[PDB]
Amino acid sequence: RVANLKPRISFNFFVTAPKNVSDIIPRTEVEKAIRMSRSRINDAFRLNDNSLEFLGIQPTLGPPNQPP
Amino acid sequence: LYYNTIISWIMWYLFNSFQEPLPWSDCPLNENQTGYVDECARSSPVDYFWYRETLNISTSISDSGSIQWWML
Ligand SMILES: *[C@@H]1O[C@H](CO)[C@@H](O[C@@H]2O[C@H](CO)[C@@H](O)[C@H](O)[C@H]2NC(C)=O)[C@H](O)[C@H]1NC(C)=O
Ligand SMILES: *[C@@H]1O[C@H](CO)[C@@H](O)[C@H](O)[C@H]1NC(C)=O
Ligand SMILES: *[C@@H]1O[C@H](CO)[C@@H](O)[C@H](O)[C@H]1NC(C)=O
């Protein structure tokens, strides 16, 4: 369910159980679902985690190195 | 005496080339790999190669540490 569509391209969304309109999936379970498939959503729109921001969800990993 | 110490700092920056992700181009991470080091986030990553990774500088002239073997 999408609300508050702006020109900058910003909206809010929340997820609901398939026919139970009263059952809203909690925000902590949607953040874990988006973190699992963020690389797949970025590729469908050609964005790169700085052009597709989920406010409240941050990229975390990536330790650098190689010289042994 | 000191003019040949500036050349030893130039030789340290020449040895640290020959690699495409140059060592002064990015910050290292924390113990917990979640964010950058606290004084690399406030300052530049080039300042966290000269002051902390090359010199390992202290907070005053009145306290000195050890010989810092890689600059020896
Ligand atoms: C739709 O979802 C609501 C929850 O949002 C379900 O309501 C629960 O119903 C059970 C038993 O009927 C109660 O024990 C829970 O306390 C209810 N939850 C809340 C938050 O009130 C409702 O049953 C669901 N409907 C269907 C058809 O699955
Ligand atoms: C960061 O990780 C280390 C494990 O090496 C741990 O000892 C330390 O307590 C952690 N710091 C925080 C703030 O959790
Ligand atoms: C200099 O570096 C060593 C390890 O390389 C560290 O133990 C020491 O605390 C550093 N000195 C200062 C003043 O931070």
Handout entry: Selection within region B:31-46 - under 13 Å from residue A:64 (Cβ atoms), more than 16 Å from ligand 3 (Cβ to nearest atom) and of a type outside the set (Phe, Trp, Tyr)
Key = B:33, B:45
Problem - Condition check for residue A:49: of a type in the set (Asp, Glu), more than 16 Å from ligand 1 (Cβ to nearest atom) and more than 14 Å from chain B (Cβ to nearest Cβ) - result: yes
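Does residue B:13 satisfy the criteria of being of a type in the set (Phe, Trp, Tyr), within 14 Å of another protein chain (Cβ to nearest Cβ) and on the phi < 0 side of the Ramachandran plot? Walk me through how you get there before you give the answer.
Details: of a type in the set (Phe, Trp, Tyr): yes; within 14 Å of another protein chain (Cβ to nearest Cβ): no; on the phi < 0 side of the Ramachandran plot: yes.
No: the conditions fail for residue B:13.
Is it the case that some residue within region A:1-24 is within 16 Å of ligand 1 (Cβ to nearest atom) and under 13 Å from the mean Cα position of the chain (by Cα)? Please lay out each step first, then the result.
Narrowing region A:1-24 to residues within 16 Å of ligand 1 (Cβ to nearest atom): A:1, A:14-24.
Narrowing further to those that are under 13 Å from the mean Cα position of the chain (by Cα): A:14-15.
Looking through region A:1-24, at least one residue is within 16 Å of ligand 1 (Cβ to nearest atom) and under 13 Å from the mean Cα position of the chain (by Cα).
Yes/no matrix, rows are residues, columns are (1) without any contact (Cβ under 8 Å) to a residue 60 or more places away in the chain; (2) within 12 Å of the chain's Cα centre (by Cα); (3) part of a helix (DSSP H, G or I):
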position	(1), (2), (3)
B:1	yes, no, no
B:10	yes, no, yes
B:45	yes, yes, no
B:53	yes, yes, no
B:60	yes, no, no
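No value in this document is a laboratory result; all are computed from the given coordinates. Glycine also receives a Cβ, built like all others from the backbone with ideal geometry; neighbour counts cover every protein chain displayed.
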